[PDB]
Amino acid sequence: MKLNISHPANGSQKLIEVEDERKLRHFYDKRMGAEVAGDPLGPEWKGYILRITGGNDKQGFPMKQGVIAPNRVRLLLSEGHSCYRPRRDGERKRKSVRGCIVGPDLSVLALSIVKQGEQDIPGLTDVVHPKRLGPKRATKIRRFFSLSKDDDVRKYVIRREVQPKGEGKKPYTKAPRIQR
Amino acid sequence: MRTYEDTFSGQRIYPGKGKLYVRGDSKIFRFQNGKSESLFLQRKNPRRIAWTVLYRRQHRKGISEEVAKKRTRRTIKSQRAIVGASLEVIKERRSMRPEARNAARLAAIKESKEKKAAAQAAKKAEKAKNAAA
RNA sequence: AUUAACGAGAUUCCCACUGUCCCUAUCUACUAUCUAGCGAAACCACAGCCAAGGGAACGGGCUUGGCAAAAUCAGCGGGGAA
RNA sequence: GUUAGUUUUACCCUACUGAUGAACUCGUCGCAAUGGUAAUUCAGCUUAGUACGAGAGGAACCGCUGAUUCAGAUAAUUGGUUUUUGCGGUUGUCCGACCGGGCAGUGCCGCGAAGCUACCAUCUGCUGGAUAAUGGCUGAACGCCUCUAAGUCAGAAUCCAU
RNA sequence: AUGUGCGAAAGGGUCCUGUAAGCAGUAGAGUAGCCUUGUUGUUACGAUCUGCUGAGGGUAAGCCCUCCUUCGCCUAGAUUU
RNA sequence: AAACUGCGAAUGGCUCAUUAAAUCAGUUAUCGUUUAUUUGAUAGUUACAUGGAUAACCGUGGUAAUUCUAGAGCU
RNA sequence: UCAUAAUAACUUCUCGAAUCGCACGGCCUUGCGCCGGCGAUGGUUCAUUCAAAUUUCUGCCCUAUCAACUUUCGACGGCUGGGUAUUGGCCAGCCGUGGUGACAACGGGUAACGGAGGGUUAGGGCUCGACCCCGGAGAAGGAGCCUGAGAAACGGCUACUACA
Ligand SMILES: [Mg+2]
């Protein structure tokens, strides 16, 4: 079985191999969106609480919030559902989905950290990843940089740095196109 | 080993007891004992049978409730570093209070006023030459 | 020679049904059973363990062998060419 | 050629299946003469696409797992049986009505423990000796040969024991 | 034949059936009365439903436990060696 | 470039199976109804500007199998 | 009982521009002031256009070895409602007993989509019309539906049947 662990605080992701069925007997009744103590995983994981986000079956099928069953069921999907993207306005396709009860059948599980412990994870909490793009709507800059109603918000626009590939010409800057 | 729950009456079932009945349309039923099985085959309704687990739950006899919604609703976290600049650089963009920011504003508006006056002066010069033309 | 209706008349097939059967199991009442009281009949040369032999050519009895231990109760249907 | 037509008696003697029993004081624990005897056949995997054969075709011992017929037990689970007349429903009539009851040889229906019971359910069914047919060893009679004439080896679902 | 005794009741356990009698109701399809005429106006009748109620009844006659629940019985009579 | 949003995809093209007052033809009615689009008119009873998501995107996956898709971070 | 207007009210209740491109103008308290043009995209109602859906009158080939048909479970009509974009036996309740027919109803056959029209000729006719234009229906057979002004759509989806 495979586990895909993600850390939203620092924004990092890793996957770990676990082969001991005895270690994972502690779930197998937990639902989607619940709390659990990750301490019995091991000593370096003491003082951790995990949130169950979802997984993939052995065939590749995902699970869907709101269907209470350990098996998989066919349903009549519509617009707005989680595991279907229609190709034309108004389509409704019948598909098969996995229930919201964890079991020994799943092929890959996935979890997120809610509260850390004292030990550190050798590949997860030691590196931190930044965000990708700053704000661009007018109200966002004022609240973000705490300016008042009349503080010339336009000037404070976070900009990126880009280098032209032409004869190593001196780079220039790129900006977010303030709206409203 | 494993255990099952009676379909008709909800009683618990250990290995070896009871039987398993498969209906014509590929639906599997389990009965803990003869009493459940016999009643089911007569098209009786479980809702109206006084000793069933479903009947008790439907009439709400002897059970209470629980909730923890507002506990998991307090999960809020902190901000993270942008790629625009160094995280410490990001903060100091609004670390300072309103003195130095205000001082720049007077210079900026004076620059704006100077350009507008130059435009008006240039326009008057442009108007004069146009008439002279 | 045909023939509608009729038949506790003889014969063949089909649907429903079932312990007729595969293959047997269980329950109830009245006897059989034991006791107190009453209390017969058919039948009977003498009687009553077998194998072989010869003989009126299929013996309980004869010849040669096998064997063989008091008094008795409930069933059974081989024989007594019952 | 066709249709319809009464099938009597066992309690006696013996034979057989079982169950008591007088004599040497009453008991407990044992030996074993004699009598009886029991297991049977098939299928699948591997050996094997092999030995053999030009080709087409196409085996066997050991090993593993099951099954058919028969025999001896047992009832945790499944099913059958209901006078447990246990609980409930219900028809007719009778006790003035309700409650509680009688009768309809067990009124009828639903469920029904205990006991009995079903390859309709579950468990179990051993190895020593001597031999026949046949194949052999040493070896004369008959200077050679020969499994037999003296001696001797292996050996069957057979025979006798466990 | 003084006992971890025997017997008769009782309590608890385990099982079978499936929610007792009685009381109450802002339940109940409506009909007939009486009025100060009502947001349920009351008085009479009314299969059934809801609550007290997984309650009531039965339970060894070839079920289990009780020194720690109660009440009783007891070192015989006759025959024989 | 990619992607969100808007529109069309209900037009064209093919065939003659069914259908005997049914389809169809000429001629009437909507004072008995709907109509994107086109054209023409037409609406006095914090305001220097309001709020949360999501795509594209970086990076971690499953199945032999598809114009299948999961969970994490931005707008 | 039209157009339009007035009165009393009501509404999980709408609409009356938090939208985009070009130009760069005019005033006097000289303020980061006020006013100003041409377009695009939208918006309530009315009118028009492309239409659509129903609908009045008359007109079809063979057959009597098809003469009486329709109403159980609407068949002809009246009333009160429901539903549809709207009328209507279209549907739900109550009530009358009607409707078609020898001037050929009802039923059966068609190697039958209808029409504008093709072939052959004194005149009158006989026969063909799947097929380039107009109208109708269908996407293997039946049914059911989402989006939209417009679909009972099939180079859209759901289920069964038969193939694969
Ligand atoms: Mg070969």
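Residues numbered from 1 in each chain as written, not as in the entry; some residues may be left out. Chains lettered and ligands numbered in written order. Part of a larger assembly, values for the part shown. Heavy atoms only, no water.

Structure determination for this PDB entry is given in the record as cryo-EM, at a resolution of 3.0 Å.

Draft legend 1. Fine view of the protein's contact with RNA strand D. All names here are of chain B. Neighbouring residues of RNA strand D: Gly16, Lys17, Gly18, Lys19, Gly34, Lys35 and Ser38. Take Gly18: an N or O atom from its main chain is 3.5 Å from a phosphate oxygen of RNA strand D. Between RNA strand D and the protein, one listed contact pairs a phosphate oxygen with a side-chain N or O atom of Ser38 at 3.0 Å. Take the surface near RNA strand D: its biggest share by element is three residues, from helix α1 (residues 34–41). Grouping the constituent residues of the surface near RNA strand D by class yields no nonpolar, four polar and three charged. (Near = heavy atom within 4 Å. Polar contact = N/O pair within 3.5 Å; in protein donor to acceptor, adjacent residues only side chain to side chain. Helix = DSSP H or I, 4+ residues; strand = E, 2+ residues; numbered from the N terminus. Nonpolar A, V, L, I, M, F, W, Y, C, P; charged D, E, K, R; others polar.)

Draft legend 2. A look at the interface of chain A and chain B. Listed by partner, the interface residues are 17 residues for chain A and twelve residues for chain B. By the criterion of area lost to chain B, the three top residues of chain A are A:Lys131, A:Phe144 and A:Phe145, representing 35% of everything that side buries. At the boundary of chain A and chain B, one finds six residue pairs in polar contact. (Contact = heavy atoms within 4.5 Å. Buried area = accessible area lost by both parts, 1.4 Å probe.)

Draft legend 3. Quick peek at the environment of B:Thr72. Position of B:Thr72 among the secondary structure elements: in helix α3 (residues 69–72). The class of B:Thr72 is partly exposed, set by a relative accessible area of 34%. (Buried < 20%, exposed > 50% of the residue type's maximum accessible area, 1.4 Å probe, protein only.)

Draft legend 4. Spatial organisation of unusual backbone geometry. With a phi close to 55°, A:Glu167 is a non-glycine residue in the positive phi region. Topologically, A:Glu167 is positioned in the loop between β8 (160–162) and β9 (172–174). For A:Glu167, a relative accessible area of 84% gives the class exposed. Not every positive phi belongs to a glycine, and B:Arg43 is a case in point at roughly 60°. Topologically, B:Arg43 is positioned in the loop between α1 and α2 (53–58).

Draft legend 5. Structural context of the pairing of strand β3 (residues 19–22) of chain B. Residues and elements named next belong to chain B. By the bridge criterion, four bridges tie β3 to strand β4 (residues 28–31) in an arrangement that is antiparallel. Opposite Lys19, over in β4, you have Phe31 as the bridge partner. Connecting β3 to the antiparallel partner β4 that follows it, the hairpin turn spans five residues, and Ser26 within it adopts a positive phi of roughly 55°. (Pairing = 2+ DSSP bridges.)

Draft legend 6. The protein's contact with RNA strand G, seen in detail. Around RNA strand G lies a shell formed by A:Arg88, A:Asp89, A:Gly90, A:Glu91, A:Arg92, A:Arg94, A:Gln179, B:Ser112, B:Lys113, B:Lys116, B:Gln120 and B:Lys123. In RNA strand G, atoms within 4 Å of the protein come from the sugar-phosphate backbone in 68% of cases. Contact between RNA strand G and A:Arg92: a sugar or linking oxygen at 2.3 Å from a main-chain N or O atom of the residue. In the environment of RNA strand G, a phosphate oxygen lies 3.2 Å from a nitrogen or oxygen atom belonging to the side chain of B:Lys123. Looking at which element gives the most residues to the surface near RNA strand G, the answer is helix α5 (residues 98–132) of chain B, with five residues. Here the surface near RNA strand G is composed, by residue class, of no nonpolar, four polar and eight charged.

Draft legend 7. Looking closely at empty space enclosed by the protein. Residue and element names in this part refer to chain A. As enumerated under the stated definition, the model contains two cavities of 30 Å³ or more in all. Of the pockets and cavities examined, the largest cavity occupies roughly 50 Å³. In this structure, the largest cavity is lined by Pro135, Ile141, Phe144, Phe145, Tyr156 and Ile158. In this structure, the second largest cavity spans a volume of roughly 30 Å³. What lines the second largest cavity is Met1, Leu24, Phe27, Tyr28, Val102, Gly103 and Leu109. Looking at the lining of the second largest cavity, its residues break down into six nonpolar, one polar and no charged. (1 Å grid on protein atoms, 1.4 Å probe; cavity = no way out; pocket = protein on both sides within 12 Å on 5 of 7 lines; lining within 4 Å. Points joined across faces, edges and corners; volume = space filled by probe spheres on them.)

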